[PDB]
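Engineer: Below is structure.txt; it holds compact mmCIF, C-alpha atoms.
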```
# COMPACT_ATOMS: atom_id res chain seq x y z
CA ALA P 1 33.79 96.12 7.93
CA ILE P 2 35.99 93.50 6.16
CA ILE P 3 38.85 95.93 5.69
CA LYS P 4 40.29 96.19 9.14
CA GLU P 5 42.14 99.13 10.60
CA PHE P 6 45.29 97.03 10.12
CA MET P 7 45.65 94.75 7.07
CA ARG P 8 48.48 92.65 5.58
CA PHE P 9 49.01 91.60 2.03
CA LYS P 10 50.86 89.08 -0.07
CA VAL P 11 52.04 89.75 -3.66
CA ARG P 12 53.47 87.79 -6.59
CA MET P 13 54.81 89.45 -9.72
CA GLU P 14 56.22 88.16 -12.92
CA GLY P 15 57.76 90.36 -15.44
CA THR P 16 60.04 90.75 -18.41
CA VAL P 17 62.08 93.87 -18.79
CA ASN P 18 64.07 94.25 -22.07
CA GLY P 19 63.85 90.47 -22.53
CA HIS P 20 65.04 89.63 -18.97
CA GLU P 21 62.47 87.45 -17.16
CA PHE P 22 62.00 87.42 -13.43
CA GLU P 23 59.71 86.69 -10.56
CA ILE P 24 59.14 88.53 -7.31
CA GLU P 25 57.32 87.57 -4.13
CA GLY P 26 56.46 89.78 -1.27
CA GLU P 27 54.41 90.71 1.69
CA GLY P 28 53.35 93.90 3.28
CA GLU P 29 51.19 95.63 5.88
CA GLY P 30 49.64 98.91 6.71
CA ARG P 31 46.65 100.96 7.85
CA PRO P 32 44.10 101.23 5.04
CA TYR P 33 42.14 104.20 6.55
CA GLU P 34 45.21 106.07 7.67
CA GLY P 35 46.70 105.86 4.14
CA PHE P 36 50.08 104.12 4.65
CA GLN P 37 51.80 100.77 4.02
CA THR P 38 55.14 99.07 3.86
CA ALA P 39 56.21 96.12 1.66
CA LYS P 40 59.13 93.69 1.58
CA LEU P 41 59.90 92.15 -1.81
CA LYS P 42 62.38 89.51 -2.87
CA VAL P 43 63.49 88.52 -6.33
CA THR P 44 62.81 84.80 -6.39
CA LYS P 45 63.81 84.06 -10.04
CA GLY P 46 65.94 85.80 -12.62
CA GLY P 47 67.83 88.05 -10.12
CA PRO P 48 69.91 90.16 -9.69
CA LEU P 49 67.87 92.47 -11.97
CA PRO P 50 69.91 94.27 -14.57
CA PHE P 51 67.74 97.44 -14.30
CA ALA P 52 66.55 100.06 -11.79
CA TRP P 53 64.26 98.81 -9.00
CA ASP P 54 62.33 102.10 -9.28
CA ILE P 55 60.50 100.99 -12.47
CA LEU P 56 58.90 98.18 -10.33
CA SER P 57 58.16 100.02 -7.08
CA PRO P 58 54.86 101.71 -8.12
CA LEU P 59 53.61 98.26 -9.19
CA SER P 60 48.00 98.82 -3.54
CA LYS P 61 45.01 101.03 -3.84
CA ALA P 62 43.10 99.61 -0.86
CA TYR P 63 45.34 101.63 1.39
CA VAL P 64 44.44 105.14 0.27
CA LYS P 65 43.03 107.41 3.01
CA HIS P 66 39.71 108.83 1.63
CA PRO P 67 37.79 111.83 3.03
CA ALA P 68 34.30 110.89 4.22
CA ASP P 69 32.68 112.61 1.24
CA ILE P 70 34.59 110.75 -1.57
CA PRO P 71 33.40 107.13 -2.00
CA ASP P 72 36.29 104.70 -1.61
CA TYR P 73 35.91 102.70 -4.83
CA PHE P 74 38.84 100.43 -3.89
CA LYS P 75 37.59 99.45 -0.42
CA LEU P 76 33.92 99.12 -1.55
CA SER P 77 35.01 96.62 -4.15
CA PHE P 78 35.96 94.04 -1.52
CA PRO P 79 35.65 91.10 -0.75
CA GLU P 80 35.63 90.50 -4.49
CA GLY P 81 38.30 93.14 -5.19
CA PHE P 82 39.26 94.88 -8.39
CA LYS P 83 41.60 94.69 -11.32
CA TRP P 84 43.75 97.29 -12.93
CA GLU P 85 45.75 97.71 -16.09
CA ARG P 86 48.35 100.37 -16.56
CA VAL P 87 50.65 101.86 -19.22
CA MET P 88 53.72 103.82 -18.26
CA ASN P 89 55.31 105.74 -21.18
CA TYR P 90 58.78 106.94 -20.24
CA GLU P 91 60.06 110.04 -22.05
CA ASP P 92 62.95 108.11 -23.72
CA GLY P 93 60.68 105.45 -25.26
CA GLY P 94 60.69 102.78 -22.43
CA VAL P 95 57.16 101.34 -22.05
CA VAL P 96 55.86 99.33 -19.04
CA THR P 97 52.38 97.66 -19.31
CA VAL P 98 50.80 95.91 -16.33
CA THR P 99 47.87 93.85 -15.41
CA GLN P 100 46.89 93.19 -11.85
CA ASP P 101 44.25 91.47 -9.73
CA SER P 102 43.64 92.34 -6.11
CA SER P 103 41.39 90.15 -3.95
CA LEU P 104 40.77 89.42 -0.25
CA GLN P 105 41.40 85.95 1.12
CA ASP P 106 41.62 84.84 4.74
CA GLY P 107 41.62 88.45 5.92
CA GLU P 108 44.62 89.37 3.80
CA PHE P 109 44.91 91.22 0.52
CA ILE P 110 46.13 89.10 -2.33
CA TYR P 111 47.88 90.82 -5.21
CA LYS P 112 48.89 89.27 -8.48
CA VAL P 113 50.94 91.26 -10.94
CA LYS P 114 52.09 90.67 -14.49
CA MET P 115 54.15 93.33 -16.26
CA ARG P 116 56.31 93.82 -19.32
CA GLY P 117 58.88 96.53 -19.89
CA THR P 118 60.30 97.17 -23.38
CA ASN P 119 62.55 99.64 -25.22
CA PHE P 120 64.55 100.91 -22.31
CA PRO P 121 67.64 102.29 -24.11
CA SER P 122 70.91 100.57 -23.12
CA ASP P 123 72.42 103.95 -22.23
CA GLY P 124 69.35 105.27 -20.38
CA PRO P 125 68.94 105.69 -16.62
CA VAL P 126 66.72 102.64 -16.13
CA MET P 127 69.20 100.18 -17.67
CA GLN P 128 72.11 102.20 -16.36
CA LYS P 129 70.49 102.17 -12.94
CA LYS P 130 70.86 105.92 -12.35
CA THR P 131 67.45 106.62 -10.70
CA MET P 132 67.01 107.73 -7.14
CA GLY P 133 63.33 107.17 -6.35
CA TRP P 134 60.08 108.92 -7.35
CA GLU P 135 59.10 112.44 -6.36
CA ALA P 136 55.67 112.67 -4.79
CA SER P 137 52.83 112.33 -7.34
CA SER P 138 49.21 113.38 -7.79
CA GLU P 139 47.09 110.78 -9.48
CA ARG P 140 44.00 112.43 -11.15
CA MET P 141 41.14 110.00 -10.73
CA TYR P 142 37.90 110.17 -12.75
CA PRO P 143 34.90 108.01 -13.72
CA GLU P 144 34.74 107.02 -17.34
CA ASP P 145 32.68 104.27 -18.95
CA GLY P 146 31.84 102.36 -15.72
CA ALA P 147 35.47 102.22 -14.56
CA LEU P 148 37.73 104.48 -12.61
CA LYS P 149 40.71 106.02 -14.41
CA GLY P 150 43.89 107.59 -13.06
CA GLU P 151 46.40 109.70 -14.91
CA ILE P 152 49.78 110.69 -13.50
CA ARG P 153 52.73 112.48 -14.82
CA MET P 154 55.42 110.85 -12.61
CA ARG P 155 59.05 111.83 -12.13
CA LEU P 156 62.05 109.70 -11.23
CA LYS P 157 64.93 111.56 -9.57
CA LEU P 158 68.32 111.40 -11.26
CA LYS P 159 71.67 111.48 -9.60
CA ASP P 160 72.71 114.70 -11.24
CA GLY P 161 69.55 116.55 -10.19
CA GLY P 162 67.59 116.01 -13.36
CA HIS P 163 64.37 114.03 -13.68
CA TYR P 164 63.07 111.26 -15.86
CA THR P 165 59.42 111.39 -16.62
CA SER P 166 56.75 108.82 -17.31
CA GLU P 167 53.15 109.50 -18.43
CA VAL P 168 50.96 106.97 -16.72
CA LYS P 169 47.34 105.89 -17.38
CA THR P 170 45.59 103.25 -15.30
CA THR P 171 42.11 101.79 -15.50
CA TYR P 172 40.63 100.48 -12.23
CA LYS P 173 37.70 98.13 -12.34
CA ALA P 174 35.79 96.54 -9.42
CA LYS P 175 34.86 92.97 -9.93
CA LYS P 176 31.34 93.76 -8.73
CA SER P 177 29.13 96.66 -9.56
CA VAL P 178 30.19 99.48 -7.14
CA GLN P 179 29.46 103.19 -6.94
CA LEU P 180 31.87 105.61 -8.63
CA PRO P 181 33.24 108.78 -7.02
CA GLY P 182 33.47 112.09 -8.90
CA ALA P 183 36.84 113.21 -10.14
CA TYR P 184 39.48 113.68 -7.46
CA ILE P 185 43.22 113.35 -6.70
CA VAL P 186 45.32 110.84 -4.80
CA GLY P 187 48.57 112.39 -3.48
CA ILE P 188 51.16 109.56 -3.19
CA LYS P 189 54.72 109.37 -1.80
CA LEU P 190 56.65 106.11 -2.14
CA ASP P 191 60.27 105.59 -0.83
CA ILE P 192 62.67 102.69 -0.76
CA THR P 193 63.59 102.32 2.86
CA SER P 194 66.30 99.65 2.48
CA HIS P 195 67.64 97.02 0.09
CA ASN P 196 70.54 94.62 -0.10
CA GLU P 197 73.51 95.34 -2.28
CA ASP P 198 71.97 94.00 -5.45
CA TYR P 199 68.28 94.86 -4.84
CA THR P 200 67.30 91.23 -4.62
CA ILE P 201 65.59 92.18 -1.26
CA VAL P 202 63.86 95.56 -1.04
CA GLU P 203 61.74 97.30 1.54
CA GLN P 204 59.51 100.17 0.52
CA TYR P 205 57.10 102.62 2.18
CA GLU P 206 54.13 104.43 0.65
CA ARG P 207 51.58 107.07 1.98
CA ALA P 208 48.62 108.01 -0.11
CA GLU P 209 45.59 110.27 0.57
CA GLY P 210 42.56 111.12 -1.60
CA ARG P 211 41.60 114.82 -1.81
CA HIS P 212 39.31 116.98 -3.92
CA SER P 213 40.41 118.97 -6.84
CA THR P 214 39.64 122.38 -5.58
```
Would you mind writing the structure in this file as structure tokens?

Structural biologist:
Amino acid sequence: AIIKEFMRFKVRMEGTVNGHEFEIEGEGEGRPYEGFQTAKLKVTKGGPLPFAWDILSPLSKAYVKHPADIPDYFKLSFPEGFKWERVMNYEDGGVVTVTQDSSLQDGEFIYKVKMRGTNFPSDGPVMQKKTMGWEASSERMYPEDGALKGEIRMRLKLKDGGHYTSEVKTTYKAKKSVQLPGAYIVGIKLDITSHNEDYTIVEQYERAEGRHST
């Protein structure tokens, strides 16, 4: 009963992408049982970023709407919370790795993110900043070795109508022993709703719902 119908969060990220260091702070809010949230981020160090915002945007699992019959691993993990680690392999060789800790403090989610991005080609759409947001995704979740894993083949939209693809694996682990669901899918749609000219301030909006795999 600790995850309320309406919850806020605070986040801090530090990252290095192609050698460029930076820090981001943000806050957000949403409805964890209805499966939606918004966030407002600001680049507090090392901005403007010389690369697409979209590689950062998918870097808040407590807010996925779960059917009654699929255990909500993310919510059951609280108040302790959970960690996750992720690799995102972009098709042109760019790699993003991420570690993250989510906890609950004073009735607010606290997220802490560290990430590194390497090998984004100088001429590619990330460094060229030619992406236009992610298409909707289906994250395949499944229990493996006392943790919960998610795989996603994700696609960033390109200006010219093409797509730029990243193969994503994430391991989710509760900080306390918690019951695992069976395999299932989280449908997710994230959009950037507004930003200043140089993406030093960005607002984004995500909806996510668990569902069975037929």

Engineer: Compare P:26, P:162, P:187, P:182 by their minimum atom-to-atom distance to residue P:70, counting all atoms listed in the file, and give me the closest one.

Structural biologist: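 Answer, going by the shortest atom-to-atom distance: P:182.
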
Engineer: Counting all atoms listed in the file, figure out which residue out of P:88, P:152, P:192, P:68 gets nearest to residue P:132.

Structural biologist: P:192

Engineer: Return the single residue from P:15, P:119, P:166, P:10 that is closest to residue P:107, with distances computed using only C-alpha atoms.

Structural biologist: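 Among the listed residues, P:10 lies closest to residue P:107.
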
Engineer: When distances are computed from all atoms listed in the file, which of P:134, P:74, P:90, P:142 shows the smallest separation from residue P:206?

Structural biologist: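 Smallest separation from residue P:206 among the options: P:134.
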
Engineer: Which is closer to residue P:21 than all the others in P:103, P:118, P:165, P:89, using only C-alpha atoms?

Structural biologist: P:118

Engineer: Could you list as a PyMOL selection string every residue that has an atom within 8 Å of (73.9, 108.9, -8.6), using the file's coordinates and counting all atoms listed in the file?

Structural biologist: chain P and resi 130-132+158-160

Engineer: Grab the residues selected above and save them as an mmCIF file, keeping the file's coordinate frame with C-alpha atoms.

Structural biologist:
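Full text of result.cif as output:
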```cif
data_model
loop_
_atom_site.group_PDB
_atom_site.id
_atom_site.type_symbol
_atom_site.label_atom_id
_atom_site.label_comp_id
_atom_site.auth_asym_id
_atom_site.auth_seq_id
_atom_site.Cartn_x
_atom_site.Cartn_y
_atom_site.Cartn_z
ATOM 1 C CA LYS P 130 70.860 105.920 -12.350
ATOM 2 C CA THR P 131 67.450 106.620 -10.700
ATOM 3 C CA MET P 132 67.010 107.730 -7.140
ATOM 4 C CA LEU P 158 68.320 111.400 -11.260
ATOM 5 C CA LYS P 159 71.670 111.480 -9.600
ATOM 6 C CA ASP P 160 72.710 114.700 -11.240
#
```

Engineer: Please, could N, CA, C and O atoms be added to stretch 194-209 of chain P and the result written as a compact mmCIF listing (two decimals), in the frame of the given file?

Structural biologist:
```txt
# COMPACT_ATOMS: atom_id res chain seq x y z
N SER P 194 65.04 100.40 2.40
CA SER P 194 66.30 99.65 2.48
C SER P 194 66.26 98.55 1.45
O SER P 194 65.18 98.18 0.97
N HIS P 195 67.45 98.02 1.14
CA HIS P 195 67.64 97.02 0.09
C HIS P 195 69.00 96.40 0.35
O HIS P 195 69.85 97.04 1.01
N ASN P 196 69.21 95.18 -0.13
CA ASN P 196 70.54 94.62 -0.10
C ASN P 196 71.36 95.18 -1.27
O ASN P 196 70.85 95.92 -2.14
N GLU P 197 72.63 94.80 -1.30
CA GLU P 197 73.51 95.34 -2.28
C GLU P 197 72.94 95.22 -3.68
O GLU P 197 73.14 96.11 -4.45
N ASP P 198 72.28 94.13 -4.03
CA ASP P 198 71.97 94.00 -5.45
C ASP P 198 70.46 94.13 -5.71
O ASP P 198 69.96 93.70 -6.78
N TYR P 199 69.74 94.70 -4.74
CA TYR P 199 68.28 94.86 -4.84
C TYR P 199 67.55 93.58 -5.07
O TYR P 199 66.46 93.60 -5.66
N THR P 200 68.09 92.45 -4.57
CA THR P 200 67.30 91.23 -4.62
C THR P 200 66.30 91.19 -3.44
O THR P 200 65.34 90.41 -3.47
N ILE P 201 66.53 92.03 -2.43
CA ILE P 201 65.59 92.18 -1.26
C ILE P 201 65.39 93.66 -1.05
O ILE P 201 66.37 94.39 -0.88
N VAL P 202 64.13 94.09 -1.07
CA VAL P 202 63.86 95.56 -1.04
C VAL P 202 62.69 95.81 -0.11
O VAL P 202 61.66 95.09 -0.16
N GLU P 203 62.85 96.82 0.75
CA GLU P 203 61.74 97.30 1.54
C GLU P 203 61.31 98.69 1.11
O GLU P 203 62.14 99.55 0.91
N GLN P 204 60.01 98.90 1.01
CA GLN P 204 59.51 100.17 0.52
C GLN P 204 58.30 100.69 1.34
O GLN P 204 57.65 99.95 2.08
N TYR P 205 58.06 101.99 1.28
CA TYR P 205 57.10 102.62 2.18
C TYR P 205 56.30 103.62 1.39
O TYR P 205 56.87 104.45 0.71
N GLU P 206 54.97 103.55 1.47
CA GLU P 206 54.13 104.43 0.65
C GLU P 206 53.09 105.11 1.57
O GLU P 206 52.67 104.47 2.53
N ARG P 207 52.72 106.39 1.31
CA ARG P 207 51.58 107.07 1.98
C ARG P 207 50.75 107.64 0.87
O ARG P 207 51.29 108.11 -0.09
N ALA P 208 49.44 107.57 0.97
CA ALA P 208 48.62 108.01 -0.11
C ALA P 208 47.34 108.55 0.54
O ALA P 208 46.84 107.94 1.48
N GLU P 209 46.87 109.70 0.08
CA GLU P 209 45.59 110.27 0.57
C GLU P 209 44.74 110.87 -0.55
O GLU P 209 45.23 111.65 -1.34
```
